[PDB]
Amino acid sequence: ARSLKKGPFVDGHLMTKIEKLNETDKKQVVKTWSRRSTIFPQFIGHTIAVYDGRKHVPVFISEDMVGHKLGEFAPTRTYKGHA
Amino acid sequence: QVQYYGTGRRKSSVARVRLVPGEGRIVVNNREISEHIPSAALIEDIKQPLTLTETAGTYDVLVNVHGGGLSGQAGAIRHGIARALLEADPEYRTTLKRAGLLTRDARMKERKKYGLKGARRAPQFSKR
Amino acid sequence: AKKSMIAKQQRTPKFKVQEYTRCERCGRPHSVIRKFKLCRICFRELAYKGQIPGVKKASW
Amino acid sequence: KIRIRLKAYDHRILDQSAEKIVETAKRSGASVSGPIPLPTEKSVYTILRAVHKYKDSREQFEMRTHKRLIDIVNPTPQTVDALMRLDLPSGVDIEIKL
Amino acid sequence: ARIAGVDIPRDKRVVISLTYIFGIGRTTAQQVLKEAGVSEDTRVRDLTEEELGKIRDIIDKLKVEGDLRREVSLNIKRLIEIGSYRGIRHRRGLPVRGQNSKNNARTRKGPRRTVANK
Amino acid sequence: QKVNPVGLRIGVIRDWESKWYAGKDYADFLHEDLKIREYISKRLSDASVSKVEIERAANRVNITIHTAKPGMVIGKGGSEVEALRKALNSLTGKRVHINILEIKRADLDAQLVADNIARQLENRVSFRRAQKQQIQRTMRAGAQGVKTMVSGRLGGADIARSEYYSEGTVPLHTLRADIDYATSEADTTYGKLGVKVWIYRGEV
Amino acid sequence: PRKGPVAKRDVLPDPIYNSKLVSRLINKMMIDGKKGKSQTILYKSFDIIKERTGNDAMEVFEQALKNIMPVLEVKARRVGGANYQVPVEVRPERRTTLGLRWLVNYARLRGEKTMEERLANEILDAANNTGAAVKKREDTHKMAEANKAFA
RNA sequence: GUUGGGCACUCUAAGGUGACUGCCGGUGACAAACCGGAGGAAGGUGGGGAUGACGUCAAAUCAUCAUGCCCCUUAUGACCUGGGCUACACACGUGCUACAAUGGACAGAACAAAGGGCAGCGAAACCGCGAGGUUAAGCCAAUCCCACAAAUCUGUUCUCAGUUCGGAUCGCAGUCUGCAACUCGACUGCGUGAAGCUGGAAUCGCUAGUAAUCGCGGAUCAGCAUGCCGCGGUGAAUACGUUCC
Ligand SMILES: [Mg+2]
Ligand SMILES: [Mg+2]
Ligand SMILES: [Mg+2]
Ligand SMILES: [Mg+2]
Ligand SMILES: [Mg+2]
Ligand SMILES: [Mg+2]
Ligand SMILES: [Mg+2]
Ligand SMILES: [Mg+2]
Ligand SMILES: [Mg+2]
Ligand SMILES: [Mg+2]
Ligand SMILES: [Zn+2]
């Protein structure tokens with residue numbers, strides 16, 4: 001858990017893109033590699049396409065998703081049982 | 001004063017015993033012995049040289065002991081008393097040596113050795 | 001190590017946390033001692049030549 | 001008071017270099033405390049003996065650092081410049097707390 | 001005596017007996033009794049109606065039992081609903097906190113179901 | 001399975017090559033010395049250098065080189081030695097003073113002896129001859145013992161093996177025995193041969 | 001070992017009863033080198049003996065040993081393709097050892113909560129010519145006498 | 001021990017001394033030696049370490065390094081971001097923690113050794129339930145700091161219960177490092193309170209300051225150790241014997 005004194009982390013590149021869309025009522029798929037970026041309140045409603053390792057997974061943001069890192073919605077491994 | 005000095009040593013302990021005349025008061029770093037050494041069994045072992053020489057209630061044993069643990073120090077004091085009684089009366093050598101109270105106990109902690117879990121204890125073997 | 005990997009370790013990285021030791025003799029990443037800046041293998045060899053001051057085989 | 005700390009890996013060259021300083025102090029006329037042996041700093045290095053695997057096969061190396069302390073009570077100007085004259089051997093490190 | 005809809009052990013001491021309430025452990029049980037001003041050594045059976053009353057009022061402020069169990073349930077439900085990694089670990093019955101799963105995930109997994117080796 | 005004979009004896013009867021104390025700078029100096037010893041070995045390859053003691057005091061580096069051919073190292077008065085000095089001052093960035101000593105009997109220095117055998121092996125001499133001859137010359141120089149080993153693809157063989165020859169006493173377990181030891185390699189067309197040489201000069 | 005018999009290390013007698021025989025017992029009872037705990041139990045257990053009987057605890061304890069300590073024991077012996085538990089005279093040294101071991105072992109298996117009580121109660125049972133450590137000494141004798149044939 | 005004062009004592013560590021079957025007796029070729037005895041801190045290579053013959057296994061390592069030959073050379077080379085090396089039906093190896101009363105909880109007394117520390121160790125003080133934070137003394141160290149020993153001892157409470165045992169798992173809220181702890185860090189608080197009642201066939205270590213048990217330090221290292229390498233504390237049992245493995 002990141003320290004409160006530091007405050008919540010986000011990559012400038014990501015935040016700038018979403019803030020740029022928030023200037024208007026524009027909604028586009030923000031493809032990114034910043035899995036470590038926290039989902040800020042002002043992300044809600046966007047479709048951020050998070051890189052899982054080999055592809056950009058589209059992730060529609062909700063209110064409940066605020067607080068969590070973008071990587072939490074783009075699982076890296078592929079498992080579907082043994083046998 | 002007519003103090004009889006005798007250094008003693010066990011494990012990491014080092015007793016500086018001094019036999020001043022008195023009535024059998026062992027004093028370990030400005031305390032009674034019972035405060036410092038709680039065990040009854042260890043106190044008897046410290047008396048062991050005094051009891052054989054029959055100088056219990058003759059000297060007050062003044063001690064400056066450091067290092068090791070409670071028993072380590074107990075055994076150090078015993079060695080120091082024994083060596084102090086040689087300065088008091090050299091004829092006590094015969095009776096002290098018989099009991100074996102004039103041996104620096106050379107049992108020390110054996111080193112840990114690489115590959116082994118302890119000094120001797122080897123890791124658990126399996127043929128498979 | 002590869003020449004590229006030695007070079008890239010010598011270059012200052014993007015962040016100080018990304019900075020790591022190699023053996024200055026042979027470029028080995030693992031088991032590099034800070035006192036000598038040598039890996040365990042190189043340290044052994046040069047210690048035997050008497051080329052690491054004050055270092056001798058220990059026993060106690 | 002002047003105070004001298006000597007550090008070296010070999011104790012033979014240390015005591016030689018110590019005796020030079022003791023000798024140099026007496027001829028200069030100042031009072032010598034003498035070479036006090038401070039505790040030896042033993043570092044120890046355990047390494048894997050083999051290049052690959054064989055974890056239980058090690059080798060242990062040590063670096064002992066021997067230390068001597070020479071105090072010089074009641075110096076005289078010649079004594080201070082007499083320590084300049086001793087170009088002590090490489091392997092002995094000197095430190096002056098004058 | 002019943003406290004927060006739980007008949008706690010009568011024969012035990014109150015610090016201990018209060019921990020039988022879901023949502024109270026030794027520290028919480030200490031800090032209530034302190035606030036009530038009841039001795040920790042007293043048995044539940046040998047409490048007065050005054051003492052029990054004061055204890056009840058304190059515990060009614062604290063989130064315990066179903067109030068707490070519902071909170072915990074919704075927390076875990078939220079994680080599943082959003083489709084978080086932790087939610088996926090919750091539903092699949094695997095470690096949620098990065099514990100390695102090649103060995104020793106038996107608390108989550110349950111007991112072993114052996115399969116034929118090669 | 002055998003420990004280095006030099007390694008066993010350092011700080012017992014042998015002494016360190018690098019003869020200096022440091023605390024803060026220890027690693028920096030060590031990698032300076034490595035860079036020196038590397039450079040000296042490359043430049044003075046043909047000049048029969050063995051030991052290269054290094055000493056330090058302030059910004060100064062005293063380098064006692066041991067060589068069987070001191071005239072070859074020095075050259076005309078002091079031409080080549082100064083060219084070396086000025087080249088070391090580029091690497092080190094310090095004052096470099098170079099003493100040069102003589103090995104009287106080069107067949108008692110293990111490192112020289114090992115390099116001789118290695119050079120002969122590169123020039124297509126039989127490993128049997130190369131070794132046997134050195135055994136005699138070392139014994140003539142008054143070594144109390146000598147072992148020499150050559151290991152690898154001997155005579156361009158497919159299967160590698162280690163042939164070795166010995167004379168006198170080489171008591172490797174005896175700690176006070178001054179047993180010099182050295183190794184060398186020869187890049188042949190069938191890869192690497194390796195040489196090893198033990199010389200027992202006597203007791204201490 | 002192959003070389004021969006080995007110097008058996010001696011224990012000091014003890015700061016109350018002055019008994020080697022009972023210092024041994026502290027060491028049998030001791031766990032993880034915690035000699036203090038075992039001394040404490042012993043001494044507490046001996047108090048409890050003195051209160052219940054009235055007699056000297058040492059005495060009851062030495063009476064108890066006599067009933068626990070065996071004289072004959074069988075020993076496993078492969079001959080051909082069948083085992084013959086062969087009876088052997090127990091050495092004086094080993095008698096004590098088996099005495100104390102069985103006392104301490106069967107003490108720990110009793111249902112009394114504290115060890116000082118378990119030890120005390122077991123010591124009293126041996127003196128009564130019954131209990132578990134006695135039944136063990138009975139059962140070792142039964143096997144020894146059952147295989148009296150062999151020698 | 002703080003000061004003055006002394007270096008006595010302990011300690012530190014350089015140089016010596018001491019153990020050699022040397023001496024006594026017996027057995028023994030009158031040999032070698034062995035058995036016991038004296039003196040001695042130590043007795044029979046005192047304890048422990050380093051030290052590893054010729055060779056064996058075409059044993060391990062072309063990924064420390066080096067190297068013959070072979071192969072690739074707008075790619076099998078090189079740069080980047082993200083992911084993976086942490087996957088989980090399951091099987092094995094090595095460990096840690098337990099299953100409790102020789103215990104748990106709580107409280108009060110204690111007694112170590114060996115290490116590490118320069119952008120590093122960081123006291124005290126103050127704040128925070130705590131992890132920690134702010135600030136900052138001293139110390140390039142027998143000077144200061146890491147540092148608090150813990151088992152133990154003495155009280156008090158629990159009274160045999162899947163519990164006041166055990167502490168997995170999970171929820172919530174934090175702390176710290178780091179550009180950044182989703183995948184994938186450690187630690188803290190509060191809540192949660194799993195399996196487990198000493199383990200089938202079988203199987204491992206250890207002969208003494210050993211085993212067993214209790215803490216402490218270090219390398220690597222920003223952070224991360226139940227691992228590894230060291231350190232002391234407490235401290236056993238047993239060895240008849242050589243048949244069998
Ligand atoms: Mg790093
Ligand atoms: Mg291992
Ligand atoms: Mg993990
Ligand atoms: Mg004798
Ligand atoms: Mg030998
Ligand atoms: Mg092979
Ligand atoms: Mg791996
Ligand atoms: Mg508990
Ligand atoms: Mg053995
Ligand atoms: Mg670390
Ligand atoms: Zn290297």
Side-chain angles (χ1 to χ4, degrees), chain A residues 1-3 9 33 35-36 51-54 68-72 75-77 79 81-83, chain B residues 5 7 12 14 16 38 67-73 102-104 106-112 114 119-126, chain C residues 4 15 17 23 26 28 31 33 39 41-42 57 59-60, chain D residues 11 15 37-40 44 46 51-54, chain E residues 16 23 25 27-28 41 68 72 75-76 85 96 98 100-102 105-108 112-115 117, chain F residues 1-3 8 23 173 185 187 189-192, chain G residues 1-2 6 27-38 41 78 91 94 113-115:
Chain A
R2 187 174 175 74
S3 297
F9 179 80
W33 293 260
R35 311 177 88 257
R36 64 182 177 181
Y51 197 67
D52 69 349
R54 50 169 170 186
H68 293 356
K69 309 303 201 80
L70 279 173
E72 299 189 22
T76 66
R77 292 182 198 94
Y79 179 62
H82 306 285
Chain B
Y5 179 66
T7 308
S12 307
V14 178
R16 303 181 233 192
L70 312 102
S71 163
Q73 291 179 350
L102 293 172
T103 309
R104 166 54 164 116
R107 304 182 298 172
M108 305 291 287
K109 296 206 101 295
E110 188 170 310
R111 60 169 279 185
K112 195 213 160 284
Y114 63 79
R120 303 289 177 79
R121 207 274 170 182
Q124 188 163 263
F125 175 95
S126 187
Chain C
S4 57
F15 304 97
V17 72
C23 183
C26 79
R28 194 171 201 264
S31 297
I33 309 161
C39 72
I41 303 182
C42 293
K57 283 181 57 65
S59 51
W60 71 89
Chain D
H11 74 272
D15 288 306
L38 304 179
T40 313
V44 175
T46 304
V51 306
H52 189 247
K53 75 171 210 183
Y54 309 120
Chain E
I16 304 305
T27 181
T28 300
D41 296 62
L68 186 58
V72 171
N75 285 315
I76 296 161
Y85 184 75
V96 192
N100 287 12
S101 302
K102 191 181 195 170
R106 288 283 138 223
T107 306
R108 300 291 292 129
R112 291 180 167 71
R113 45 265 183 179
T114 307
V115 58
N117 303 165
Chain F
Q1 51 178 179
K2 269 160 287 298
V3 72
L8 189 70
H173 290 222
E185 294 183 345
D187 195 358
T189 57
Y190 312 103
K192 281 272 186 274
Chain G
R2 297 179 181 295
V6 61
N27 286 0
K28 284 286 179 191
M29 263 197 302
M30 169 167 70
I31 313 177
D32 307 316
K34 291 179 148 71
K35 194 172 280 191
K37 300 292 186 185
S38 48
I41 291 167
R78 186 74 71 171
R91 288 198 168 194
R94 187 166 167 68
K113 290 175 182 176
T114 65
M115 184 60 205

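Just the heavy atoms: all of them, side chains too, but no hydrogens, waters or symmetry mates, feed the values below. Below, chain A is the first sequence line, B the second, and so on; all start at residue 1.
Judged by ring centres closer than 5.5 Å and planes tilted by less than 30°, the bases of H:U61 and H:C62 are not stacked on each other. Between H:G218 and its strand neighbour H:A219 the base rings stack, satisfying centres under 5.5 Å and planes under 30°. Adjacent nucleotides H:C57 and H:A58 miss the stacking criterion of ring centres closer than 5.5 angstrom and planes inclined by less than 30 degrees.
Across H:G55, H:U213, H:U94, the shortest atom-to-atom separation from the side chain of G:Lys34 is found for H:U213. Minimum atom distance to the side chain of F:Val3 is reached by H:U51, of the listed H:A66, H:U51, H:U12. Looking at the side chain of B:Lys109, the nearest of the listed nucleotides H:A60, H:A50, H:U210 is H:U210. Counting only heavy atoms from C-beta on, C:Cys26 has its side chain closest to H:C65 among H:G93, H:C65, H:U102.
Sugar conformation, H:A136: north. The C1'-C2'-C3'-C4' torsion carries a positive sign. At H:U21 the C1'-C2'-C3'-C4' dihedral is negative, so the sugar adopts a south, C2'-endo-type conformation. In H:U198, the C1'-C2'-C3'-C4' torsion is negative, which places the sugar in the south family. For H:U157, the sugar pucker falls north, since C1'-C2'-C3'-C4' comes out positive.
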Please enumerate all protein N or O atoms sitting under 3.5 Å from an N or O of nucleotides 82-86 of chain H, with distances to 0.1 Å.
unit_1, atom_1, unit_2, atom_2, d
H:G82, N2, A:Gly53, O, 2.9
H:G83, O3', A:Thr76, OG1, 3.4
H:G84, OP1, A:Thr76, OG1, 2.7
H:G84, OP1, A:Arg77, NH2, 3.4
H:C85, OP1, A:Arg77, NE, 3.2
H:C85, OP1, A:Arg77, NH2, 3.3
H:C85, OP2, A:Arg77, NH2, 2.8

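When the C1' atom is compared between H:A131 and H:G189, the two are found 8 Å apart, to the nearest whole Å.
The residue among B:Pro38 and C:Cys42 whose nearest nucleotide of RNA chain H is located toward the 5' end is C:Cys42. Closest-nucleotide positions on RNA chain H for C:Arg28 and A:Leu70 were compared, and the one nearer the 5' end corresponds to C:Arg28.
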**OP:** Convert the base pairs of RNA chain H into dot-bracket notation, remembering that pairs crossing earlier ones are written with [ ] and that bases paired across to another strand are shown as |; include only Watson-Crick or G-U pairs under 3.5 Å.
**Re:** ...................(..(((((.....))))).....).......................................................(...(((((((.....(((..((...(((....)))...))....))).....)))))))......(....(((((((........)))))))....)..)............(((((((.........)))))))...........
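In this structure, the separation between CZ on A:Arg2 and NZ on A:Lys69 is 7.5 Å, given to the nearest 0.5 Å.
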